[PDB]
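# Close look at the chain arrangement
So the chains spell out like this:
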Amino acid sequence: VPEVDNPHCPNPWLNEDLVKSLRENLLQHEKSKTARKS
């Protein structure tokens, strides 16, 4: 059976702690080079 630990938000308890940077950076890593200067 397929159900180890990835439903849709398995361990986002911590992924989210820094994947979202490393994700919401697809173009929010521009947030920096885009939303953090001017």
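These notes cover the structure that comes with them. (Residues numbered from 1 in each chain as written, not as in the entry; some residues may be left out. Heavy atoms only, no water.)

## A word on the overall build of the protein chain
Within the protein chain, the secondary structure is distributed over 2 helices and 0 strands. Expressed along its principal axes, the backbone C-alpha trace of the protein chain runs to roughly 50 × 15 × 10 Å. In the protein chain, which comprises 38 residues, the proportion classed as buried is 5%. Summing over all exposed atoms, the protein chain offers an accessible surface of approximately 3700 Å²; the carbon and sulfur share of this is 53%. In the protein chain, the 6 positive side-chain charges and the 6 negative ones have mean positions that sit 16 Å from each other. (Helix = DSSP H or I, 4+ residues; strand = E, 2+ residues; numbered from the N terminus. Buried < 20%, exposed > 50% of the residue type's maximum accessible area, 1.4 Å probe, protein only. Areas by Shrake-Rupley, 256 points an atom, 1.4 Å probe, with all protein chains shown as cover. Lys, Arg positive; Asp, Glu negative; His and termini not counted. Charge placed at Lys NZ, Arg CZ, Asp CG, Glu CD.)

## Some words on the side chain of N25
Inspection of the secondary structure puts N25 in the loop between α1 (12-18) and α2 (32-35). Residue classification places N25 among the buried positions, given a relative accessible area of 15%.

## Considerations on the pattern of salt bridges
Enumeration over the complete set of coordinates arrives at 1 salt bridge. Put simply, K33 and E30 hold a salt bridge, and the shortest N to O gap is 3.5 Å. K33 gets classed as exposed once you look at its relative accessible area, which sits at 55%. (Salt bridge = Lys/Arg side-chain N within 4 Å of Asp/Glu carboxyl O.)

## Topic: the environment of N25
Discounting residues that sit within four places of it in the chain, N25 has contacts with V19 and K20. For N25, the side chain forms a polar contact with the main-chain nitrogen of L22, separated by 2.9 Å. A distance of 2.2 Å separates the side chain of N25 from the backbone nitrogen of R23, its partner in a polar contact. (Contact = heavy atoms within 4.5 Å. Polar contact = N/O pair within 3.5 Å; in protein donor to acceptor, adjacent residues only side chain to side chain.)

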